[PDB]
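Here's the structure, in structure tokens; my notes come after.
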Amino acid sequence: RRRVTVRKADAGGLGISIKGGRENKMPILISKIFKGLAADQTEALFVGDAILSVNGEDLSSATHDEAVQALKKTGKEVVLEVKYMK
Amino acid sequence: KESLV
């Protein structure tokens, strides 16, 4: 497992394309970490990261839409629990 | 599903 915190601000966008969906047994796995962005500029948000919780939101029982909704309206610090699949 | 936040 893993734990990454992406602070908002800076640039603005989060740069992060998650790929998966609770309708296919997939803990929302990142497939594209845009560069020059919070996720790719926090030395942790790297592709192959199955998120299971965003800001204390256990996404394990959430669909790909419930996971992107949190990343869309995150708080000052985007604490994202990740399951690296390297 | 491939979104982009």
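Residue numbering restarts at 1 in every chain; chains get A, B, ... in the order shown in the structure tokens, and ligands count up from 1 in that same order.
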Would you tabulate, counting only C-alpha atoms, all residues of chain A that have an atom at most 10 Å from an atom of chain B, showing the closest pair of atoms and their distance in Å to one decimal, sorted by chain then ascending number, as a Markdown table?
| residue | atom | partner | partner_atom | distance |
| --- | --- | --- | --- | --- |
| A:13 | CA | B:5 | CA | 6.7 |
| A:14 | CA | B:5 | CA | 5.5 |
| A:15 | CA | B:5 | CA | 6.0 |
| A:16 | CA | B:4 | CA | 5.3 |
| A:17 | CA | B:4 | CA | 3.9 |
| A:18 | CA | B:2 | CA | 5.6 |
| A:19 | CA | B:2 | CA | 4.6 |
| A:20 | CA | B:1 | CA | 5.8 |
| A:21 | CA | B:1 | CA | 6.6 |
| A:28 | CA | B:1 | CA | 9.3 |
| A:29 | CA | B:2 | CA | 9.6 |
| A:30 | CA | B:2 | CA | 8.8 |
| A:31 | CA | B:2 | CA | 8.0 |
| A:32 | CA | B:4 | CA | 8.4 |
| A:33 | CA | B:4 | CA | 9.1 |
| A:34 | CA | B:4 | CA | 8.9 |
| A:39 | CA | B:5 | CA | 9.7 |
| A:63 | CA | B:1 | CA | 9.9 |
| A:64 | CA | B:1 | CA | 6.9 |
| A:65 | CA | B:1 | CA | 8.7 |
| A:68 | CA | B:5 | CA | 6.9 |
| A:69 | CA | B:5 | CA | 8.9 |
| A:70 | CA | B:5 | CA | 9.6 |
| A:71 | CA | B:5 | CA | 6.3 |
| A:72 | CA | B:5 | CA | 6.0 |
| A:73 | CA | B:5 | CA | 9.6 |
Alpha helix (DSSP H) residues, from DSSP on the backbone, in chain A, as a ChimeraX atom specification: /A:38-41,64-72
Mind the document's chain letters and residue numbers, and return as JSON, numbers by chain the residues of region 5-83 of chain A that DSSP labels strand (DSSP E or B). {"A": [5, 6, 7, 17, 18, 19, 29, 30, 31, 32, 49, 50, 51, 52, 53, 54, 58, 77, 78, 79, 80, 81, 82, 83]}
If you keep N, CA and C atoms, can you produce a file of those selected residues as a PDB file, in the first residue's frame?
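Ended up saving to selection_25.pdb:
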ATOM      1  N   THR A   5       0.117  12.728  -0.285  1.00  0.00           N
ATOM      2  CA  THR A   5      -0.691  13.954  -0.024  1.00  0.00           C
ATOM      3  C   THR A   5      -0.366  15.019  -1.075  1.00  0.00           C
ATOM      4  N   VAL A   6      -1.325  15.394  -1.874  1.00  0.00           N
ATOM      5  CA  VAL A   6      -1.057  16.430  -2.911  1.00  0.00           C
ATOM      6  C   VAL A   6      -1.649  17.773  -2.482  1.00  0.00           C
ATOM      7  N   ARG A   7      -0.812  18.726  -2.183  1.00  0.00           N
ATOM      8  CA  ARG A   7      -1.324  20.059  -1.756  1.00  0.00           C
ATOM      9  C   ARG A   7      -1.931  20.793  -2.956  1.00  0.00           C
ATOM     10  N   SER A  17      -4.868  11.316 -14.524  1.00  0.00           N
ATOM     11  CA  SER A  17      -5.979  10.614 -15.225  1.00  0.00           C
ATOM     12  C   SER A  17      -6.150   9.210 -14.637  1.00  0.00           C
ATOM     13  N   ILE A  18      -7.123   9.026 -13.786  1.00  0.00           N
ATOM     14  CA  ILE A  18      -7.327   7.683 -13.168  1.00  0.00           C
ATOM     15  C   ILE A  18      -8.028   6.735 -14.141  1.00  0.00           C
ATOM     16  N   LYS A  19      -7.773   5.459 -14.019  1.00  0.00           N
ATOM     17  CA  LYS A  19      -8.421   4.478 -14.937  1.00  0.00           C
ATOM     18  C   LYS A  19      -8.880   3.244 -14.153  1.00  0.00           C
ATOM     19  N   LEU A  29      -7.245   2.862 -10.537  1.00  0.00           N
ATOM     20  CA  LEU A  29      -5.761   2.880 -10.730  1.00  0.00           C
ATOM     21  C   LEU A  29      -5.323   3.997 -11.681  1.00  0.00           C
ATOM     22  N   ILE A  30      -4.414   4.828 -11.237  1.00  0.00           N
ATOM     23  CA  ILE A  30      -3.921   5.938 -12.101  1.00  0.00           C
ATOM     24  C   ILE A  30      -3.249   5.372 -13.354  1.00  0.00           C
ATOM     25  N   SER A  31      -3.528   5.942 -14.495  1.00  0.00           N
ATOM     26  CA  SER A  31      -2.908   5.434 -15.752  1.00  0.00           C
ATOM     27  C   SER A  31      -2.118   6.546 -16.453  1.00  0.00           C
ATOM     28  N   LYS A  32      -2.271   7.772 -16.027  1.00  0.00           N
ATOM     29  CA  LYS A  32      -1.522   8.879 -16.687  1.00  0.00           C
ATOM     30  C   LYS A  32      -1.270  10.025 -15.703  1.00  0.00           C
ATOM     31  N   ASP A  49      -1.097   3.755  -9.540  1.00  0.00           N
ATOM     32  CA  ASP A  49      -1.475   4.024  -8.125  1.00  0.00           C
ATOM     33  C   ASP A  49      -2.970   3.785  -7.902  1.00  0.00           C
ATOM     34  N   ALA A  50      -3.328   2.650  -7.365  1.00  0.00           N
ATOM     35  CA  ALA A  50      -4.772   2.378  -7.111  1.00  0.00           C
ATOM     36  C   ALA A  50      -5.217   3.115  -5.847  1.00  0.00           C
ATOM     37  N   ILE A  51      -5.981   4.164  -6.002  1.00  0.00           N
ATOM     38  CA  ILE A  51      -6.434   4.940  -4.814  1.00  0.00           C
ATOM     39  C   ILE A  51      -7.575   4.222  -4.095  1.00  0.00           C
ATOM     40  N   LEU A  52      -7.499   4.139  -2.797  1.00  0.00           N
ATOM     41  CA  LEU A  52      -8.587   3.473  -2.025  1.00  0.00           C
ATOM     42  C   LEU A  52      -9.197   4.459  -1.018  1.00  0.00           C
ATOM     43  N   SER A  53      -8.812   5.711  -1.076  1.00  0.00           N
ATOM     44  CA  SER A  53      -9.374   6.712  -0.130  1.00  0.00           C
ATOM     45  C   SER A  53      -8.845   8.106  -0.474  1.00  0.00           C
ATOM     46  N   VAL A  54      -9.713   9.077  -0.551  1.00  0.00           N
ATOM     47  CA  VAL A  54      -9.261  10.461  -0.879  1.00  0.00           C
ATOM     48  C   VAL A  54      -9.715  11.426   0.220  1.00  0.00           C
ATOM     49  N   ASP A  58     -12.906   6.528   2.014  1.00  0.00           N
ATOM     50  CA  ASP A  58     -12.645   5.129   1.547  1.00  0.00           C
ATOM     51  C   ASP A  58     -13.277   4.882   0.173  1.00  0.00           C
ATOM     52  N   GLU A  77      -5.315  20.095   1.544  1.00  0.00           N
ATOM     53  CA  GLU A  77      -4.335  18.992   1.327  1.00  0.00           C
ATOM     54  C   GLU A  77      -5.056  17.760   0.768  1.00  0.00           C
ATOM     55  N   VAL A  78      -4.718  17.343  -0.421  1.00  0.00           N
ATOM     56  CA  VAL A  78      -5.402  16.158  -1.008  1.00  0.00           C
ATOM     57  C   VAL A  78      -4.767  14.859  -0.504  1.00  0.00           C
ATOM     58  N   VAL A  79      -5.088  14.448   0.695  1.00  0.00           N
ATOM     59  CA  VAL A  79      -4.511  13.177   1.219  1.00  0.00           C
ATOM     60  C   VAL A  79      -5.102  12.017   0.419  1.00  0.00           C
ATOM     61  N   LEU A  80      -4.307  11.342  -0.359  1.00  0.00           N
ATOM     62  CA  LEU A  80      -4.862  10.230  -1.181  1.00  0.00           C
ATOM     63  C   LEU A  80      -4.203   8.890  -0.846  1.00  0.00           C
ATOM     64  N   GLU A  81      -4.966   7.962  -0.330  1.00  0.00           N
ATOM     65  CA  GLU A  81      -4.397   6.621  -0.022  1.00  0.00           C
ATOM     66  C   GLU A  81      -4.187   5.889  -1.344  1.00  0.00           C
ATOM     67  N   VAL A  82      -3.019   5.366  -1.579  1.00  0.00           N
ATOM     68  CA  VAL A  82      -2.771   4.691  -2.885  1.00  0.00           C
ATOM     69  C   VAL A  82      -2.223   3.273  -2.706  1.00  0.00           C
ATOM     70  N   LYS A  83      -2.526   2.421  -3.646  1.00  0.00           N
ATOM     71  CA  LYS A  83      -2.010   1.028  -3.612  1.00  0.00           C
ATOM     72  C   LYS A  83      -1.094   0.848  -4.823  1.00  0.00           C
TER      73      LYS A  83
END
So the first atom is CA of residue 75 (chain A) and the second is CA of residue 55 (chain A); what is the distance between them in Å, to one decimal place?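 CA of residue 75 (chain A) sits 7.5 Å away from CA of residue 55 (chain A).
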Would you mind telling me which residue in A:27, A:22, A:66, A:56 lies nearest to residue 1 (chain A) when using only C-alpha atoms? A:27
Could you jot down the CA of residue 76 (chain A) to CA of residue 8 (chain A) separation for me, Å, one decimal place?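 So the answer is 5.6 Å.
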